[PDB]
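K.L.:
The structure is given below, and queries will be raised subsequently.
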Amino acid sequence: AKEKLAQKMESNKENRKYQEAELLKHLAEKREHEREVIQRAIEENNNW
Amino acid sequence: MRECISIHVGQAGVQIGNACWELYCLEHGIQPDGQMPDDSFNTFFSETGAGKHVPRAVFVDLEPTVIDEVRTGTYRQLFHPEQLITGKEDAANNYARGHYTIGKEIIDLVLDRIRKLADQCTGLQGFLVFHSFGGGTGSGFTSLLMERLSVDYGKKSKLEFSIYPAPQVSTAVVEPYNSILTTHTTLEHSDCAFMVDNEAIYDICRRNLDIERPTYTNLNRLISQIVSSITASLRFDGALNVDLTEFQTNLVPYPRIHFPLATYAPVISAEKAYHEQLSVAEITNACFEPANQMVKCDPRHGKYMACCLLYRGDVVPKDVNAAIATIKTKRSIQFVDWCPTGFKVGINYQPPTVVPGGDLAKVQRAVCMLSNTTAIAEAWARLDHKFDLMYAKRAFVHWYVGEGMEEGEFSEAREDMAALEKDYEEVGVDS
Amino acid sequence: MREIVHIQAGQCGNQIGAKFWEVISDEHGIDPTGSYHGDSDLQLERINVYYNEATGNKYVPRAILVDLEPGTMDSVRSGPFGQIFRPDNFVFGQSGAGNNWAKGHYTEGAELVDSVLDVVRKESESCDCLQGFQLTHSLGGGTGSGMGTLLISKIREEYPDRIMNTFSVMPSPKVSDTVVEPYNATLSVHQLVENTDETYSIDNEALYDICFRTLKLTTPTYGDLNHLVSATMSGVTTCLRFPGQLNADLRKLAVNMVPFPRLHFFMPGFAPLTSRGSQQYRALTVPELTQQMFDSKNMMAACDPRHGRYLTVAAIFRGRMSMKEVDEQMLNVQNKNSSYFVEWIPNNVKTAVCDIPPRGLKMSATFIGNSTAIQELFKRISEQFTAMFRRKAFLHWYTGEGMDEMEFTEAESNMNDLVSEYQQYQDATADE
Ligand SMILES: Nc1nc2c(ncn2[C@@H]2O[C@H](COP(=O)(O)OP(=O)(O)OP(=O)(O)O)[C@@H](O)[C@H]2O)c(=O)[nH]1
Ligand SMILES: Nc1nc2c(ncn2[C@@H]2O[C@H](COP(=O)(O)OP(=O)(O)O)[C@@H](O)[C@H]2O)c(=O)[nH]1
Ligand SMILES: [Mg+2]
């Protein structure tokens, strides 16, 4: 009853903290594209 | 002396609690401020230095709305503010939010309040837990609390009054998931559980009380009458009583088979005046009619393992025995081969009390039958099938997984329910 | 769960958003000064879901007004309820998006985004318990579409646990201000599939058809179309702003409506259909209101509900009527039309009744459906997109902003997958 309560909660943070960080991982990935395109937008221009 | 702590979880639990405590006050002559101008009522109400009588109860909700109504209502002075506990964010009809995410924040506070009530007890018998199966708080928070109560309270009796969901009054598509998840998790922590099917109550209000569109107020008043019948034996000292332990001893033959079916009679509309007075024979006959049941199921298709008859008011043992004898001549009532003594009878002197301006008529005598029948498995099957329909497609599962639950917990909960259905089947087989 | 933070982006977003605020203010008895002058306690019970209470008797919309172009904002301030808005909540750029998703999402929009988040943070930190966000915008434009989806992504980054709700207006050739609308819409749909919890698919194709065919308005204006939008928005938000049991908050609505993460695009419906001038009208009983749920004529998304199946349905009845009659009529429709509801989601139709009817009507009905027929709206966008993309027409407007062809291919493929996903559950059976 202590290891059944603690271990069910071991898996909770192991999950819920990751399932909102798998999230923020791609939220990094799309801003990784914001200025992967913004600077490409100048390297086309300040190149012509 | 022999105290009982009542815990009301979520909207259903809190609202039924309001109905129960209003009825107890009427029965014991306690005013809404706790003042009162037997002595057994002390099992449910403590007494303060100012001669005020305070319910031995905790009201818990993850959202404040419902409880805010109690703290503004007629009985705001009855309860001390510390026993009315509310969070900010509800469980949003999600068992995972109630059990984990939101529940984990308030759990320690709720248990500290329960500990303070337990410290005022000299002979704490245990707990009475009221909750819905369907809501995120009623399902998720209750199972979390039940687990923690087993740790803190050792081998202390825990009885449930569970609101089985009905589509006529259902608020969530995910209620079958929440119901199975709470039943699996609470099963090993509960000693005896009385289910109340909202459809059965809805139909009694429509049929017997002539209410076209029953509201929770109508449903709860009727529920309160059954709860009062079960608890009258603890709150009063009659000729024939049954404590927390005797209920379980008489009705619970195996650990997991702890779900008695309640049947109440008479349910009469506050109009007419000619539809009474019903005899002991008439009210006893009404207990064997599926229309008066608290859970929709067919006992004629199942087998009885125990039958407890709790009478209240102007009732004589000779009248009761005569009624039971005629019922025994109706061959149709089948018991399991390992059970001989079927009928345990209790008589409590006080006639049923009704709420002024209520839908129920005042009667000279009433009866509540608690029977452990294998027919109650039909209620589990209905719930399990609805769970299977959605789960086969993993519909809505992402909501639970997102809160940190694992898919394995769903499989485990459902397998446990399959084993429970199998247990009711195994119990009905003859040797 | 209490406060909802409202965001209005672009021309369409601000136009529809401003109408939403004048409609709901009238329902809650709030005048253009912010003072409550109504005479029903139901109007104030859940006032805090959309309004902050300022010093004294005044109520202020928890609304942020956004555009890359200043003109629309001036028009809002000049408006009937223009003075109700929080001065500090108007966040506008000077350099527009020019109906280019790339400008709104990557260039000009990116430059303004932080000034908007600063205002949303101010409103969010004031909240006792923030439910989440509600965004009104068009998908055919540049600001509403590109910046709107950029805002969704930035807000999602800071508030990943809050509910993200949108009222997204779909472009149509029937009421088109730019030839590039299929590109802007496809690029936006790709973002919404991934970033919102619930999206109300408000189709200009359907709004134009209702105005022209049903309301007999020979030449519909945005004012005529917006009258239908505001009636729908009032209906779908009834549950959030008045005391009720069902779908009382954004999370409960989502939990009851969304069975699979990506399938969060709702088909809204409304009955009775009224025109701005039409203050007649003498009609609409309970059986009449209920029958229009399957009526394609009453859908705010240009899809026939009988061309698909309902996964989940939320129905809101407004006005003084019998709850018994509503329950009977609703059950009759599900029994008669069994084939248009999925068998594997038990008791999937949830009904709510609110005593307060919307303005001008004594009786109304709002439908929120999660139907597999919504694939018709996405198919229409994909075919319009492919006709252009096949020839790489107008692509220079986007590549000129630094975008790559791959993003276009990806957005299209994601949208086609969404269509394929709706078709999958349309064909699914309870064989188990
Ligand atoms: N008999 C009865 N059933 C109720 C009542 N209130 C809710 N229910 C039932 O309980 C289920 C809904 O769960 P709730 O108790 O309302 O929810 P909750 O426990 O507060 O949980 P959350 O709101 O999700 O945090 C449905 O089956 C309702 O029909 C009540 O006063 N009486
Ligand atoms: N319903 C409606 N649609 C509008 C309105 N204004 C523009 N639209 C539509 O929105 C799209 C153009 O986007 P718009 O909001 O003007 O551009 P933005 O300022 O860059 O967001 C097209 O599909 C138009 O038909 C309006 O007031 N109501
Ligand atoms: Mg609740």
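Each chain in the structure tokens gets a letter, A, B and so on, in the order shown; residues start at 1 in every chain, and ligands are counted from 1 in the order they appear.
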Neighbours of ligand 3 at 9 Å or closer, counting only C-alpha atoms and all ligand atoms: which residues, as a PyMOL selection string?

P.N.:
(chain B and resi 10-12+61-66+90-93+135-138) or (chain C and resi 245)

K.L.:
Dump N, CA, C and O atoms for the selected residues as a CSV table (one decimal), in the first residue's frame?

P.N.:
```csv
chain,number,residue,atom,x,y,z
B,10,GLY,N,-17.3,15.0,-4.6
B,10,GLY,CA,-17.8,15.5,-5.9
B,10,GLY,C,-19.3,16.0,-5.8
B,10,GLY,O,-19.9,15.9,-4.8
B,11,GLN,N,-19.8,16.5,-6.9
B,11,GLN,CA,-21.2,17.0,-7.0
B,11,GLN,C,-22.2,16.1,-6.5
B,11,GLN,O,-23.0,16.5,-5.6
B,12,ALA,N,-22.3,14.8,-7.0
B,12,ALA,CA,-23.3,13.8,-6.6
B,12,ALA,C,-23.2,13.6,-5.1
B,12,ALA,O,-24.2,13.7,-4.4
B,61,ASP,N,-14.9,18.7,-2.9
B,61,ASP,CA,-15.1,18.9,-4.3
B,61,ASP,C,-13.9,19.6,-4.9
B,61,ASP,O,-13.3,20.4,-4.2
B,62,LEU,N,-13.5,19.3,-6.1
B,62,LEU,CA,-12.3,19.9,-6.7
B,62,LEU,C,-12.6,21.3,-7.3
B,62,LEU,O,-11.7,22.1,-7.6
B,63,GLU,N,-13.9,21.6,-7.5
B,63,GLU,CA,-14.4,22.9,-8.0
B,63,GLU,C,-15.2,23.5,-6.8
B,63,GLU,O,-15.8,22.7,-5.9
B,64,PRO,N,-15.3,24.8,-6.6
B,64,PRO,CA,-16.0,25.3,-5.4
B,64,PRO,C,-17.5,25.5,-5.5
B,64,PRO,O,-18.1,25.5,-4.4
B,65,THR,N,-18.1,25.6,-6.7
B,65,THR,CA,-19.5,25.8,-6.9
B,65,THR,C,-20.6,25.1,-6.0
B,65,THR,O,-21.4,25.8,-5.5
B,66,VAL,N,-20.5,23.8,-6.0
B,66,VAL,CA,-21.4,22.9,-5.3
B,66,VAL,C,-21.4,23.2,-3.8
B,66,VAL,O,-22.4,23.4,-3.1
B,90,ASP,N,-11.7,21.8,-11.5
B,90,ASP,CA,-12.4,20.5,-11.4
B,90,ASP,C,-11.6,19.4,-12.1
B,90,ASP,O,-10.7,19.7,-12.8
B,91,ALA,N,-12.1,18.1,-12.0
B,91,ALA,CA,-11.4,17.0,-12.7
B,91,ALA,C,-11.9,16.9,-14.1
B,91,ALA,O,-11.4,16.0,-14.8
B,92,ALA,N,-12.8,17.8,-14.6
B,92,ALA,CA,-13.3,17.8,-16.0
B,92,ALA,C,-13.8,16.5,-16.5
B,92,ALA,O,-13.4,16.1,-17.7
B,93,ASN,N,-14.5,15.7,-15.7
B,93,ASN,CA,-15.0,14.4,-16.0
B,93,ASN,C,-13.9,13.4,-16.4
B,93,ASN,O,-14.2,12.4,-17.2
B,135,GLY,N,-18.4,11.2,-12.6
B,135,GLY,CA,-17.6,12.5,-12.6
B,135,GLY,C,-16.1,12.2,-12.3
B,135,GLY,O,-15.8,11.2,-11.8
B,136,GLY,N,-15.3,13.1,-12.7
B,136,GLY,CA,-13.8,13.0,-12.5
B,136,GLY,C,-13.4,13.1,-11.0
B,136,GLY,O,-12.4,12.4,-10.7
B,137,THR,N,-14.1,13.9,-10.2
B,137,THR,CA,-13.9,14.0,-8.8
B,137,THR,C,-14.5,12.7,-8.1
B,137,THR,O,-13.7,12.0,-7.4
B,138,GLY,N,-15.8,12.5,-8.3
B,138,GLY,CA,-16.5,11.3,-7.8
B,138,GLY,C,-15.8,10.0,-8.0
B,138,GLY,O,-15.7,9.1,-7.2
C,245,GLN,N,-25.2,22.3,-16.4
C,245,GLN,CA,-24.7,21.0,-16.0
C,245,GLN,C,-23.7,20.5,-17.1
C,245,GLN,O,-22.7,19.9,-16.8
```

K.L.:
Please identify the residues whose atoms come within 8 Å of ligand 2, using only C-alpha atoms and all ligand atoms, and report them as JSON, numbers by chain.

P.N.:
{"C": [9, 10, 11, 12, 13, 14, 15, 16, 67, 68, 69, 96, 97, 98, 99, 100, 101, 104, 137, 138, 139, 140, 141, 142, 143, 144, 145, 146, 169, 170, 171, 172, 175, 176, 177, 178, 181, 202, 203, 204, 207, 222, 223, 225, 226, 229]}

K.L.:
List the neighbours of segment 316-329 of chain C out to 7 Å using only C-alpha atoms; skip same-chain residues closer than 6 positions along the sequence, and give me the result as a count of residues only.

P.N.:
17

K.L.:
When the cut-off is 9 Å and you count only C-alpha atoms and all ligand atoms, which residues lie near ligand 1, shown as an MDAnalysis selection string?

P.N.:
(chainID B and resid 9:17 61:63 66 89:95 97:98 131:142 163:172 175 196:198 201:202 215:220 223) or (chainID C and resid 245 252)

K.L.:
Take the selection from the previous step and output its residues with C-alpha atoms, as a PDB file, in the first residue's frame.

P.N.:
```pdb
ATOM      1  CA  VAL B   9     -17.011  13.492  -2.783  1.00  0.00           C
ATOM      2  CA  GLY B  10     -17.849  15.478  -5.910  1.00  0.00           C
ATOM      3  CA  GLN B  11     -21.176  17.033  -6.987  1.00  0.00           C
ATOM      4  CA  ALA B  12     -23.260  13.835  -6.596  1.00  0.00           C
ATOM      5  CA  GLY B  13     -21.718  13.010  -3.159  1.00  0.00           C
ATOM      6  CA  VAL B  14     -22.032  16.596  -1.835  1.00  0.00           C
ATOM      7  CA  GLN B  15     -25.642  17.028  -3.114  1.00  0.00           C
ATOM      8  CA  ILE B  16     -26.723  13.610  -1.658  1.00  0.00           C
ATOM      9  CA  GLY B  17     -24.925  14.644   1.571  1.00  0.00           C
ATOM     10  CA  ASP B  61     -15.063  18.895  -4.302  1.00  0.00           C
ATOM     11  CA  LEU B  62     -12.291  19.941  -6.716  1.00  0.00           C
ATOM     12  CA  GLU B  63     -14.443  22.853  -7.981  1.00  0.00           C
ATOM     13  CA  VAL B  66     -21.447  22.944  -5.253  1.00  0.00           C
ATOM     14  CA  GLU B  89     -10.009  23.430 -10.950  1.00  0.00           C
ATOM     15  CA  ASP B  90     -12.414  20.473 -11.368  1.00  0.00           C
ATOM     16  CA  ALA B  91     -11.435  17.038 -12.715  1.00  0.00           C
ATOM     17  CA  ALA B  92     -13.287  17.821 -15.998  1.00  0.00           C
ATOM     18  CA  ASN B  93     -15.036  14.354 -16.013  1.00  0.00           C
ATOM     19  CA  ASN B  94     -11.533  12.749 -16.167  1.00  0.00           C
ATOM     20  CA  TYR B  95     -10.617  10.032 -13.622  1.00  0.00           C
ATOM     21  CA  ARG B  97      -7.294  14.438 -13.299  1.00  0.00           C
ATOM     22  CA  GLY B  98      -9.237  13.537 -10.146  1.00  0.00           C
ATOM     23  CA  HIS B 131     -19.717   9.659  -4.599  1.00  0.00           C
ATOM     24  CA  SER B 132     -20.694   9.345  -8.271  1.00  0.00           C
ATOM     25  CA  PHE B 133     -19.014   6.785 -10.560  1.00  0.00           C
ATOM     26  CA  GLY B 134     -19.216   9.169 -13.552  1.00  0.00           C
ATOM     27  CA  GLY B 135     -17.583  12.483 -12.577  1.00  0.00           C
ATOM     28  CA  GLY B 136     -13.813  13.021 -12.507  1.00  0.00           C
ATOM     29  CA  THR B 137     -13.883  13.970  -8.789  1.00  0.00           C
ATOM     30  CA  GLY B 138     -16.481  11.305  -7.798  1.00  0.00           C
ATOM     31  CA  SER B 139     -14.405   8.616  -9.596  1.00  0.00           C
ATOM     32  CA  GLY B 140     -10.749   9.803  -9.458  1.00  0.00           C
ATOM     33  CA  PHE B 141     -10.652  11.577  -6.122  1.00  0.00           C
ATOM     34  CA  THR B 142     -12.646   8.848  -4.282  1.00  0.00           C
ATOM     35  CA  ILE B 163     -24.091   6.696  -7.853  1.00  0.00           C
ATOM     36  CA  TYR B 164     -24.232   4.328 -10.803  1.00  0.00           C
ATOM     37  CA  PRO B 165     -24.598   6.498 -14.023  1.00  0.00           C
ATOM     38  CA  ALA B 166     -27.840   6.897 -16.100  1.00  0.00           C
ATOM     39  CA  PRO B 167     -28.140   8.399 -19.640  1.00  0.00           C
ATOM     40  CA  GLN B 168     -31.356  10.387 -18.737  1.00  0.00           C
ATOM     41  CA  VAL B 169     -29.194  12.443 -16.324  1.00  0.00           C
ATOM     42  CA  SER B 170     -25.543  11.631 -17.623  1.00  0.00           C
ATOM     43  CA  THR B 171     -23.201  14.626 -18.117  1.00  0.00           C
ATOM     44  CA  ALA B 172     -20.182  12.804 -19.828  1.00  0.00           C
ATOM     45  CA  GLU B 175     -18.620   7.947 -17.629  1.00  0.00           C
ATOM     46  CA  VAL B 196     -27.734   3.547  -6.562  1.00  0.00           C
ATOM     47  CA  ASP B 197     -28.642   3.440 -10.279  1.00  0.00           C
ATOM     48  CA  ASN B 198     -29.821   6.937 -11.283  1.00  0.00           C
ATOM     49  CA  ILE B 201     -34.390   6.469  -9.021  1.00  0.00           C
ATOM     50  CA  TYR B 202     -35.459   8.517 -12.085  1.00  0.00           C
ATOM     51  CA  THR B 215     -34.390  16.863 -10.902  1.00  0.00           C
ATOM     52  CA  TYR B 216     -31.383  15.988  -8.666  1.00  0.00           C
ATOM     53  CA  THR B 217     -33.436  17.521  -5.766  1.00  0.00           C
ATOM     54  CA  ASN B 218     -36.192  14.899  -6.420  1.00  0.00           C
ATOM     55  CA  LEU B 219     -33.637  12.026  -6.839  1.00  0.00           C
ATOM     56  CA  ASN B 220     -31.624  12.932  -3.711  1.00  0.00           C
ATOM     57  CA  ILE B 223     -31.839   8.459  -2.076  1.00  0.00           C
TER      58      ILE B 223
ATOM     59  CA  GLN C 245     -24.654  21.001 -16.001  1.00  0.00           C
ATOM     60  CA  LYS C 252     -15.436  19.352 -20.142  1.00  0.00           C
TER      61      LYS C 252
END
```

K.L.:
Write out as a ChimeraX atom specification which residues come within 8 Å of residue 354 of chain B when counting only C-alpha atoms, dropping same-chain ones fewer than 3 positions away.

P.N.:
/B:23,26,358,360-362

K.L.:
Would you mind exporting the chosen residues as a PDB file, in the first residue's frame, restricted to N, CA, C and O atoms?

P.N.:
```pdb
ATOM      1  N   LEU B  23     -32.258  15.387   6.338  1.00  0.00           N
ATOM      2  CA  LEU B  23     -33.145  14.349   6.849  1.00  0.00           C
ATOM      3  C   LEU B  23     -32.777  13.905   8.262  1.00  0.00           C
ATOM      4  O   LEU B  23     -33.680  13.753   9.087  1.00  0.00           O
ATOM      5  N   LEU B  26     -34.007  16.435  10.789  1.00  0.00           N
ATOM      6  CA  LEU B  26     -35.453  16.303  10.968  1.00  0.00           C
ATOM      7  C   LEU B  26     -35.767  15.109  11.868  1.00  0.00           C
ATOM      8  O   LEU B  26     -36.586  15.223  12.772  1.00  0.00           O
ATOM      9  N   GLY B 358     -41.787  18.458   0.419  1.00  0.00           N
ATOM     10  CA  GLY B 358     -41.225  17.401  -0.399  1.00  0.00           C
ATOM     11  C   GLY B 358     -42.286  16.683  -1.196  1.00  0.00           C
ATOM     12  O   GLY B 358     -43.484  16.937  -1.042  1.00  0.00           O
ATOM     13  N   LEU B 360     -42.560  13.275  -1.134  1.00  0.00           N
ATOM     14  CA  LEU B 360     -42.935  12.059  -0.417  1.00  0.00           C
ATOM     15  C   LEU B 360     -43.997  12.288   0.622  1.00  0.00           C
ATOM     16  O   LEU B 360     -43.945  13.269   1.368  1.00  0.00           O
ATOM     17  N   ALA B 361     -44.940  11.345   0.696  1.00  0.00           N
ATOM     18  CA  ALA B 361     -46.002  11.359   1.690  1.00  0.00           C
ATOM     19  C   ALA B 361     -45.468  10.751   2.994  1.00  0.00           C
ATOM     20  O   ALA B 361     -44.533   9.943   2.966  1.00  0.00           O
ATOM     21  N   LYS B 362     -46.059  11.156   4.133  1.00  0.00           N
ATOM     22  CA  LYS B 362     -45.710  10.670   5.471  1.00  0.00           C
ATOM     23  C   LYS B 362     -46.409   9.331   5.661  1.00  0.00           C
ATOM     24  O   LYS B 362     -47.630   9.252   5.513  1.00  0.00           O
TER      25      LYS B 362
END
```

K.L.:
Could you list, with a cut-off of 8 Å and counting only C-alpha atoms, the residues of chain A near chain B, each shown with its nearest atom pair and the distance in Å rounded to one decimal, rows sorted by chain and ascending number, as CSV?

P.N.:
```
residue,atom,partner,partner_atom,distance
A:1,CA,B:151,CA,6.6
A:2,CA,B:151,CA,7.6
A:5,CA,B:147,CA,7.7
A:9,CA,B:100,CA,7.7
A:11,CA,B:404,CA,7.3
A:12,CA,B:404,CA,4.7
A:13,CA,B:404,CA,6.8
A:14,CA,B:404,CA,7.6
A:15,CA,B:404,CA,4.5
A:16,CA,B:404,CA,4.2
A:17,CA,B:404,CA,7.9
A:19,CA,B:402,CA,6.1
```

K.L.:
How would the residues just picked look written out with C-alpha atoms as a PDB file, in the first residue's frame?

P.N.:
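Output contents, as saved in result.pdb:
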```
ATOM      1  CA  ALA A   1       0.000   0.000   0.000  1.00  0.00           C
ATOM      2  CA  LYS A   2       2.978   2.452   0.237  1.00  0.00           C
ATOM      3  CA  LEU A   5       0.786   4.368  -4.000  1.00  0.00           C
ATOM      4  CA  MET A   9       2.835   8.100  -8.769  1.00  0.00           C
ATOM      5  CA  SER A  11       4.832   6.498 -13.329  1.00  0.00           C
ATOM      6  CA  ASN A  12       2.563   9.638 -13.117  1.00  0.00           C
ATOM      7  CA  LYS A  13       5.343  12.312 -13.138  1.00  0.00           C
ATOM      8  CA  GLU A  14       7.396   9.957 -15.460  1.00  0.00           C
ATOM      9  CA  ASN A  15       4.468  10.359 -17.822  1.00  0.00           C
ATOM     10  CA  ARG A  16       2.681  13.814 -17.282  1.00  0.00           C
ATOM     11  CA  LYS A  17       6.013  15.716 -17.077  1.00  0.00           C
ATOM     12  CA  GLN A  19       3.700  14.362 -22.085  1.00  0.00           C
TER      13      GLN A  19
END
```

K.L.:
So that I can see what lies close to residue 155 of chain B, please list as a PyMOL selection string the residues with an atom at most 12 Å from it, counting only C-alpha atoms and leaving out residues fewer than 3 positions away in the same chain.

P.N.:
chain B and resi 124-127+149-152+158+189-191+245

K.L.:
What would the file look like if the residues just selected were written as an mmCIF file, in the first residue's frame with N, CA, C and O atoms?

P.N.:
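Okay, this is what ended up in again-v1.cif:
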```cif
data_model
loop_
_atom_site.group_PDB
_atom_site.id
_atom_site.type_symbol
_atom_site.label_atom_id
_atom_site.label_comp_id
_atom_site.auth_asym_id
_atom_site.auth_seq_id
_atom_site.Cartn_x
_atom_site.Cartn_y
_atom_site.Cartn_z
ATOM 1 N N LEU B 124 -14.295 5.131 16.970
ATOM 2 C CA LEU B 124 -14.540 5.236 15.533
ATOM 3 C C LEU B 124 -14.744 3.870 14.870
ATOM 4 O O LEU B 124 -13.846 3.029 14.920
ATOM 5 N N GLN B 125 -15.950 3.653 14.302
ATOM 6 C CA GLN B 125 -16.341 2.423 13.598
ATOM 7 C C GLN B 125 -15.782 2.401 12.194
ATOM 8 O O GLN B 125 -15.467 1.330 11.669
ATOM 9 N N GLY B 126 -15.732 3.570 11.578
ATOM 10 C CA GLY B 126 -15.259 3.696 10.218
ATOM 11 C C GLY B 126 -15.926 4.780 9.404
ATOM 12 O O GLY B 126 -16.464 5.749 9.950
ATOM 13 N N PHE B 127 -15.873 4.612 8.081
ATOM 14 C CA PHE B 127 -16.297 5.619 7.137
ATOM 15 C C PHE B 127 -17.403 5.212 6.206
ATOM 16 O O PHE B 127 -17.502 4.045 5.824
ATOM 17 N N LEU B 149 -6.916 6.208 2.899
ATOM 18 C CA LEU B 149 -7.660 5.863 4.118
ATOM 19 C C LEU B 149 -7.285 4.455 4.653
ATOM 20 O O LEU B 149 -7.240 4.252 5.875
ATOM 21 N N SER B 150 -6.977 3.502 3.742
ATOM 22 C CA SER B 150 -6.560 2.137 4.110
ATOM 23 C C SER B 150 -5.191 2.148 4.813
ATOM 24 O O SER B 150 -4.967 1.376 5.747
ATOM 25 N N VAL B 151 -4.307 3.062 4.374
ATOM 26 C CA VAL B 151 -2.971 3.265 4.917
ATOM 27 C C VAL B 151 -3.066 3.876 6.316
ATOM 28 O O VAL B 151 -2.510 3.320 7.256
ATOM 29 N N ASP B 152 -3.760 5.013 6.445
ATOM 30 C CA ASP B 152 -3.890 5.742 7.699
ATOM 31 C C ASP B 152 -4.787 5.104 8.729
ATOM 32 O O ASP B 152 -4.585 5.354 9.916
ATOM 33 N N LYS B 158 -15.004 0.615 5.810
ATOM 34 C CA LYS B 158 -15.295 1.631 4.792
ATOM 35 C C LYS B 158 -16.434 1.134 3.909
ATOM 36 O O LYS B 158 -16.286 0.121 3.214
ATOM 37 N N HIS B 189 -10.207 -1.773 -1.309
ATOM 38 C CA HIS B 189 -10.293 -0.817 -0.199
ATOM 39 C C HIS B 189 -11.684 -0.658 0.457
ATOM 40 O O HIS B 189 -11.784 -0.124 1.564
ATOM 41 N N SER B 190 -12.741 -1.140 -0.204
ATOM 42 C CA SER B 190 -14.099 -1.046 0.300
ATOM 43 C C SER B 190 -14.548 -2.348 0.932
ATOM 44 O O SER B 190 -14.209 -3.424 0.430
ATOM 45 N N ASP B 191 -15.308 -2.250 2.040
ATOM 46 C CA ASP B 191 -15.833 -3.412 2.781
ATOM 47 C C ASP B 191 -17.235 -3.824 2.341
ATOM 48 O O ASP B 191 -17.586 -5.010 2.388
ATOM 49 N N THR B 245 -20.149 -3.622 11.386
ATOM 50 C CA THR B 245 -19.665 -5.011 11.308
ATOM 51 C C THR B 245 -20.769 -6.066 10.995
ATOM 52 O O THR B 245 -20.504 -6.984 10.219
#
```

K.L.:
For chain C against chain A, which residues fall within 7 Å using only C-alpha atoms, given as a PDB file with C-alpha atoms, in the first residue's frame?

P.N.:
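out.pdb, freshly written:
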```pdb
ATOM      1  CA  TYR C 106       7.097  34.301 -40.386  1.00  0.00           C
ATOM      2  CA  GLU C 157       4.408  27.077 -25.632  1.00  0.00           C
ATOM      3  CA  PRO C 160       0.609  23.988 -22.683  1.00  0.00           C
ATOM      4  CA  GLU C 401       9.121  35.441 -47.968  1.00  0.00           C
ATOM      5  CA  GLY C 402      11.676  32.643 -47.423  1.00  0.00           C
ATOM      6  CA  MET C 403       9.319  29.669 -47.540  1.00  0.00           C
TER       7      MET C 403
END
```
